[PDB]
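Here's the structure, in structure tokens; my notes come after.
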Amino acid sequence: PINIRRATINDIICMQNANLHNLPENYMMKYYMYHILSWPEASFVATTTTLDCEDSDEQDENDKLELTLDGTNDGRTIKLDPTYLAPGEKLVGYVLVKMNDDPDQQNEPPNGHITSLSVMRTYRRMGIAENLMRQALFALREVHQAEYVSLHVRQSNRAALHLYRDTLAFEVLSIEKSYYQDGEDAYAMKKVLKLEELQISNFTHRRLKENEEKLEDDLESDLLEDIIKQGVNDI
Amino acid sequence: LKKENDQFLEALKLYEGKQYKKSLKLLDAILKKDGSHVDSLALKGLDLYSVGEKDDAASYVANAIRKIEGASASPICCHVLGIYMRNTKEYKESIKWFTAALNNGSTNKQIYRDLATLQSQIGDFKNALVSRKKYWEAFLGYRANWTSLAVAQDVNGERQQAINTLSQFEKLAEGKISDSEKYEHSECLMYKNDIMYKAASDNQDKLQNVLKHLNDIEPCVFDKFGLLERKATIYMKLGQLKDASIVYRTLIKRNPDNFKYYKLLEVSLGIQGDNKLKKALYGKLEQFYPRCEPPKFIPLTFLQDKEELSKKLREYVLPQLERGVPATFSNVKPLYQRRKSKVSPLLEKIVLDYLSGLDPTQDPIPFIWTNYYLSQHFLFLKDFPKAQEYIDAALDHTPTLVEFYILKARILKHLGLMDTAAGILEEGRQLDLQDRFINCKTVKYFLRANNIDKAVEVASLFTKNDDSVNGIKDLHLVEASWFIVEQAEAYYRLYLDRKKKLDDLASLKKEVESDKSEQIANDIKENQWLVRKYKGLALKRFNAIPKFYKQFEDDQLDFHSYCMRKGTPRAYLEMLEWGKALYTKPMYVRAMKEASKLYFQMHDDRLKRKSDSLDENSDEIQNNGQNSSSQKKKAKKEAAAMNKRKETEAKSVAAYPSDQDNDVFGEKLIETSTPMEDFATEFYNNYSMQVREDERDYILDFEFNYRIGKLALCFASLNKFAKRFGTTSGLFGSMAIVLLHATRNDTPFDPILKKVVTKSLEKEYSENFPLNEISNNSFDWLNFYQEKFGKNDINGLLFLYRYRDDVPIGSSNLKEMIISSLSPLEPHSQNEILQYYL
Amino acid sequence: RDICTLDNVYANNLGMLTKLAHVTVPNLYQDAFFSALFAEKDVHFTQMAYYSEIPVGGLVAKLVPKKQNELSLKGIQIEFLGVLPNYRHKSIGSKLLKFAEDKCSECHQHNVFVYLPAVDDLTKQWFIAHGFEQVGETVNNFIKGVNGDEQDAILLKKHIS
């Protein structure tokens, strides 16, 4: 599955491996270490999660299961795979975000700068990069008080274009000629960020018909009513 | 001593700025008049090391060190020597020189901060605390000093002292904080909370005070995720369940896509015993987040009814098959690792019933996604013909998907067809040349297909090509690992195939008229030379991943000061944990195991070919001599051609610069003096000093301690393995048999160690293995092993076959048993074991 | 948006286009004919029709500006028209023909001619149902195969307003 969390350092090496399977412009270890130790409340990761699911039991029980060698015997180690992070957890993508710190002789306010967003191509088209970008923007707006955001995009990559300009709905600022190593033109996009528009609770539904019922989370609700065992609404 | 000191003081400003040639000229002019100047030599060494030279710089530094008797000179020389040692990966000498400089009389307190970094790399915190205290008492106008003091007092043990220091600092600087210094302050607050966590323990009053402080600082702390996490932890450590549930619901509202928050809420609510409560909770939460995945995946783990489970699986797979996601099988990947004969039949039936109502023209996308899911499910169930049929139907329906080619290559690899898989995957990759993941997969599958040249040619495309014909240098500069690991395995396989090739060639031994194998030998000799050169290059490339990790650990120099200047103590602790856990990676363990295997094989075959056979004069002749046919000119031309070919080959496989490493051919690594000593002082001490408890490879430790004369470590590792992973494993019995055969008086070792190991075995395991059958040559250990642990274990049989020369328990019977026991596995593994492991 | 989208064929994905000629009409095209398309003097128009983010249709045409040494057929020459059999009856070919007519009208041209095999009747009727007119009868020896097979060909023209 997909599990969003904060980009930890104990896996940045593996994160670099994801770069080796994503953007050609790689970076050294110093770059990732600086960007992970300077502003850790911005860069996020998306991994997998494997938990229990009827251990042993009796209904069609079988002690010769896989479970990455964790059921019966077969020792208990980690599988030889650089993409794994834990016995039952592997990273599928991440997003690295930095803040403006270089001097520009113009008194620049604290703004958001999307450094990179790399997700495995085999694990896409199901809400990963969009959620990562939304969480990063929300965290920046809530902690660092980012006035706006500015990033870069390519041209032949239609997926990134549909994700930024169409899905996330970002505004194009300028066009940079020959910015990468291959000499390909890029589009620098900029959008003013706000606080009452980047809430996650306001984006719980993907599409709607015309006038539905958008239910959110108010105060208490799960600890109300009564016991679901012999009540009126008990199945 | 009068004018030389003045010239040194006037030239020091050149090193202080951005000048090197002007300082080197002055140093040369000074040395031309007096060569016994320690300061000039110490400065020239660092100047030559900072421009590119290494040999001359090291020579000048060694000369300056030799020209020093006592510890009474100028502090500038000691400071330069400390800088040089810090730049040459020397921490102890740098600390010693800085301490000797500070003990003489230096009015620069910043030098102390340098020590506060240097010891921070070696873990020496006893003196680091005093250094931090001195550097804090020296300058009282920077928050970095307070942060460093707090970190030093927290890591050591002065928790109350750190709390009091932080409170005093916040009281003295209450209101004098700028805007940009707010966030950092918040971070510091969080760090103080962490300190309060160390003061939490299980006391009620302490937890209440921590909760009150957190609620008071909440309007000031900018970080909300960690704040709410700590609040929920405090609520769980107390007894308030409603407040903890509210905090977890707020966390879910902030980020619903998180399995950890859902599991923590399930633990807090205390409804893990009843299934209906959790079912109703997840059914109510699904209406709040219809676009998420955990709220639809977690409920598939505690369902008992068959109809309800089938309905939930159908409602979970219908949107994924309708929208079409390239991870549907992934969405059921962990479940298949825990369920099988109970869940997979229902899923297969649902998928078949859904496919029976589709159409190849009306709904082509759901059709191809259903075909892909069926192929994945059958590949997971050890099926191959039906999976190939489905993937062929999918390619005939829509041949414009890379995932289909990837699955076909994976199936062909599992069926032992590596070359065909590589060909299909290259053909599919040629369809769109813009993705790097498919390129890496193609390179890996070509490396697994005994095709290295084509793999390198394919990889040399997206890499930066400047001072090299290919992109090997670029792959080494982007800090790679998997590529080197996959290429070294191919080199090892190609080197091992030559053993069987030479065995098959020598089995004939010129039987009757067999002039074909005698008249044709130059090509075979050239092939053997190339294989040996590539095997040496593989060992050379192996000496990179540990070097890369050492470089990563050493690059943390400026971080010790940056984490204190910027104000990230939590990031500093995370970096410390990362540096401590660097030596706990699976790729590192795999590379270390491969290097150990290579070193042991080199030791074995070197000791075998050292004193064996006879007539060295008739064997050390080699070629380069055709009697009366101009042997000198022929040998000269052959050597010239060999050098001309080797130069081009080294330029093609160029990875390391010429001025940084001269051992390009790798002839010095394969013929070292003490391989075990080097492996222990370079690859074993770090893993021995930085390792946990449950995560420890005992097989590698046993193999390393076997051929050194220390059996107590072997016995301790065996006992720990038997206590942790039980005693019902074939590896335990194999190691016990190996140890019992090693403790025999026939093997030349230490009788005292053998006797104490025998006593320990008789005291511990007295009713497990017969310890009185070492004198009977008719007792078969293979029969006893297959009666107790059985022959179904593969690792034990592989270990026994690897260690069969010292343990005489047969050979042909063991090979036949291994062949008979390998049948209930995968064909590719069986083929690999029969080709290389057997 | 609509499930049928249009895209401009680039060079990196050009290898995919060559695959289309192997899953549509085999034994007709080669490899150099597709390799010399983006090899850096005739104008070439390329179009890739996606169906739900899946490449399903391909259109490669050539413009002939000459008119002096030619009878009467100056316009867009529909060369490669690859449509999978499983992706039909969804107005995909209609959209491809509409895009071709639009590109022909934007290039100051008013004539579209296409060549079709003589041993195929379903494709002939499908192209006639749109609004084409046959030019004479057949052409003796015009289609050249890979191994060396030769057959007749028919010409279908249309006037663009």
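To match Swiss-Prot, the residue numbers of chain B are left as they are there, and the shown ones run 17-854.
Note: Cβ is positioned from N, Cα and C throughout, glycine not excepted.
For the residues B:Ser110, B:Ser217, B:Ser674, B:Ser794, Swiss-Prot attaches the annotation phosphoserine to B:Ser674, which does not rule out the feature elsewhere. Cβ atoms under 8 Å from those of the repeat 'TPR 2' (B:54-87) belong to residues 20, 24, 27-28, 31, 36, 39-40, 43-44, 46-47, 93, 96-97, 99-100, 103-104, 116, 119-120, 675-676 of the same chain, restricted to positions at least 6 beyond its ends. Sequence-distant contacts of B:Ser674 (phosphoserine), defined as residues of its own chain at least six apart whose C-beta falls under 8 angstroms from its C-beta, comprise B:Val680. Among residues of the same chain six or more beyond the repeat 'TPR 1' (B:20-53), those with a C-beta under 8 A of the stretch's C-beta atoms are 59-60, 63-64, 66-67, 83, 90, 92. Listed by sequence, the residues of this chain that lie at least six past the ends of the repeat 'TPR 7' (B:452-485) yet keep a Cβ under 8 A from its Cβ atoms are 418, 422, 425, 429, 434-435, 437-438, 441-442, 444-445, 491, 498-499, 502-503, 505-507, 509-510, 550, 667-668, 670. Within the repeat 'TPR 6' (B:384-417), the DSSP-based counts of helix, strand and coil residues read 26 helix, 0 strand, 8 coil. Under DSSP, the residues of the repeat 'TPR 5' (B:241-274) split into helix, strand and coil as follows: 28 helix, 0 strand, 6 coil. Beyond its flanks by at least six residues, the repeat 'TPR 5' (B:241-274) meets 206, 209, 213, 216, 218, 220, 223-224, 226-227, 230, 234, 280-281, 283-286, 301, 305, 308-311 of its own chain at Cβ-Cβ distances under 8 Å. In the three-state DSSP assignment, the secondary structure recorded for B:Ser674 (phosphoserine) is coil.
Each residue in the region 'Disordered' (B:626-668) gets a DSSP state, and the totals come to 23 helix, 0 strand, 20 coil.
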